[PDB]
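First, one chain by itself: the form deposited without the named molecule, in structure tokens.
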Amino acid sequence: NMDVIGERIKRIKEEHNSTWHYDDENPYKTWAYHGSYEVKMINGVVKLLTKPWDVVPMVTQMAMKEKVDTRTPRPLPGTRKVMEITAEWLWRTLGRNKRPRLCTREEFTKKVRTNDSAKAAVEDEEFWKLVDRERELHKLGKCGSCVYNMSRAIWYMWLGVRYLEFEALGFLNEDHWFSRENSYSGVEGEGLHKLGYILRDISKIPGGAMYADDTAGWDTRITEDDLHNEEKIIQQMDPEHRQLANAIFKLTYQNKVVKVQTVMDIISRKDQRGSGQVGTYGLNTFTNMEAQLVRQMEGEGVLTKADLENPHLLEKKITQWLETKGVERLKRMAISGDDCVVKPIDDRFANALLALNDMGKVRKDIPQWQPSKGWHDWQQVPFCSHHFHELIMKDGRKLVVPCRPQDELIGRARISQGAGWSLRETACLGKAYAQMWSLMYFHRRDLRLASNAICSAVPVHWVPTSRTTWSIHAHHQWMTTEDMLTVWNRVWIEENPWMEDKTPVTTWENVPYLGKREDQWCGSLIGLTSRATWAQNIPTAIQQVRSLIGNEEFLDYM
């Protein structure tokens, strides 16, 4: 407990003797509580061009820690042994070609410069002076200011913890440890437009149905034994790397210290996965790959109830399975953090639930012991909030495209993140959404129409700025004034490894749509008269946005 978190606790209070106090009205039942202190937007351009959706309930809803405060029961001793054998094998596999290394002040600085007031911090030497100071503590096995959150220079300590963590564990991302070529199951770096193609290739593998069980609150199901297993990566590091990462793991993951927001409460605990942390996506991916391997082993009858209970379980048959089949079983999977698709060798997997529940990874909204439902059509599998469609172009070439319910797309575009922003900033975010729809959702009739209308309305030379999304699967090819059909050709033809025939597409009329039925099943208002009204009267509202923006130069895109 206190030897490891105390310095961090003693600090923040001593700073906040202004308003520091205990409370017996704190609602913390499984996190340790230490104390507290007092401390205390619609996009008009897109809205006007999406009138029929003013109505729509999901659109109205988007414009407008009960599950975190639990304990996860400790996995059985056989489970713990299997997790351990499998983690060591996975890490050795992931490191077969790459070596871990430290990341640098320069790498991190160049990252900040191309992604929120931190830029001001990374051009101050005194920021790096505090990093150096905290790093020296870390090397001694201590920690002075690395705390998690759920113009006061408070912000330097926080950004400094993130650099320190990036320095010690960023190589998992920076060097693509979970790319599909290195990890087999991973998809990091692929981007949304490739995930569908990956699922289709998984469908070609012989075996059972395709399963996509999502976990109830994955980050809260990360156990002390999972953290122990994630940490075995340090055995592959150079001694000076090993020191700093051991520091991150022991003192920032296996022992966190948090603030929640009128009062701010500061709180600690020894398991679960922290909110922000740079290592969160890679370590979730790693542990999901492990858990699904273990579930496949159970599926194949390699692991039984008695094995999970057994404190003296023999390694040899786990090792053998892993050594002779592990890589093949990884190739049946697409795993991105807590998102997984698994195509097991048969459907016994659907009822292989002993090890999955015992490791804590309890599926959401299903009784613990009901068999999983798998899909026999890869186009029905959900993954990373999407499903994916095979489309036949007029020239007979096939695209695989991402799709999700249309009101979610329109409802996100209709929201401006932040107040005070000027019409030009609001027009430019709309263009970013409009052009993202051009690149990824061009196959949705209404979104290609709305996209054209928004781009008809904002100056053709204005550059879209600020992100449409934080997803790790987004490459933001739409943040540009390059012609969108040229980007479209680059993304879907030129750089498309699943597109053999490189013949460019010269017109949007040869960019296909979903079939009409499927378009309507996935939310289209096509066929509704109010949609046909909107479509007829769209040049009017375009003109109205032009006349408020001013006498800039516009292009028509209808």
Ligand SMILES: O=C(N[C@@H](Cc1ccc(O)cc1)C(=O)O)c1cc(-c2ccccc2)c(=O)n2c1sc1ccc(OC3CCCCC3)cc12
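Think of the rigid core as the biggest set of C-alphas that the two forms share within 1.5 Å after superposition. Quick note: we count residues from 1 along the sequence shown, nothing fancier. Shifts are known only where both forms have a C-alpha.
Which class describes the count of deposited residues lacking coordinates between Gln261 and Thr262: none, 1 to 3, 4 to 9, or 10 or more?
Per the deposited record, the segment joining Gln261 and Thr262 lacks coordinates for 4 to 9 residues.
I'd like the number of residues from the deposited sequence that lie between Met64 and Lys65 yet are not in the model, binned as none, 1 to 3, 4 to 9, or 10 or more.
10 or more residues are missing.
Using only the Cα atoms and their B-factors as the entry lists them, report which of 410-418 and 471-479 averages higher.
The deposited B-factors put 410-418 ahead on the C-alpha mean.
Decide which of the stretches 438-446 and 309-317 has the higher mean C-alpha B-factor, going by the entry.
Per the PDB entry, the higher value belongs to 309-317.
Looking at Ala216, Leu102, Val400, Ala120, which has the highest CA B-factor as recorded?
That would be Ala120, according to the entry.
Looking at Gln277, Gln380, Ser203, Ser183, which one carries the largest C-alpha B-factor according to the PDB entry?
Going by the entry's C-alpha B-factors, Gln277 comes out highest.
What third of its chain's C-alpha B-factors does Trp521 belong to: lowest, middle or highest?
For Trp521, whose C-alpha B-factor we compare with every modelled residue in the chain, the answer is the middle third.
Mind checking which third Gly515 falls in for C-alpha B-factor across the chain?
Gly515: CA B-factor falls in the middle third of its chain.
Would you mind checking where the Cα B-factor of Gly337 ranks among the modelled residues of its chain, as the lowest, middle or highest third?
Tercile = lowest for this residue's CA B-factor.
If you rank the chain by CA B-factor, which third does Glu323 end up in: lowest, middle or highest?
Middle third, going by the recorded CA B-factors of the chain.
Tell me, lowest, middle or highest third: where does the Cα B factor of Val131 rank within its chain?
For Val131, whose C-alpha B-factor we compare with every modelled residue in the chain, the answer is the highest third.
Not pictured, yet referred to below: the form solved in complex with the named molecule.
So in the deposited bound form, does any heavy atom of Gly279 sit within 4.5 Å of the named molecule?
Taking the distances in the deposited bound form, the answer for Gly279 is yes, it comes within 4.5 Å of the named molecule.
Is there any non-hydrogen atom of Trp158 lying within 4.5 Å of the named molecule in the deposited bound form?
Result yes; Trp158 sits at the interface with the named molecule in the deposited bound form.
Applying a 4.5 Å heavy atom distance criterion, does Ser275 contact the named molecule in the deposited bound form?
Taking the distances in the deposited bound form, the answer for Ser275 is yes, it comes within 4.5 Å of the named molecule.
Just checking whether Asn173 would be counted as a contact of the named molecule in the deposited bound form - the rule being heavy atoms within 4.5 angstroms.
Yes, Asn173 sits close enough to the named molecule in the deposited bound form that at least one of its heavy atoms falls within 4.5 Å.
Report the stretch among 201-209, 279-287, 227-235, 79-87 that approaches the named molecule in the deposited bound form to within 4.5 Å, counting heavy atoms only.
Partner-contacting stretch among the options: 279-287.
Considering only 444-478, what residues come within 4.5 Å of the named molecule in the deposited bound form, judged by heavy atoms?
Result: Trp470 alone.
Mind listing the moving segments between this form and the one not shown, meaning three or more residues in a row, each Cα shifted 2 angstroms or more, core aligned?
Core-superposed, just one run shifting 2 Å or more comes out: 151-153.
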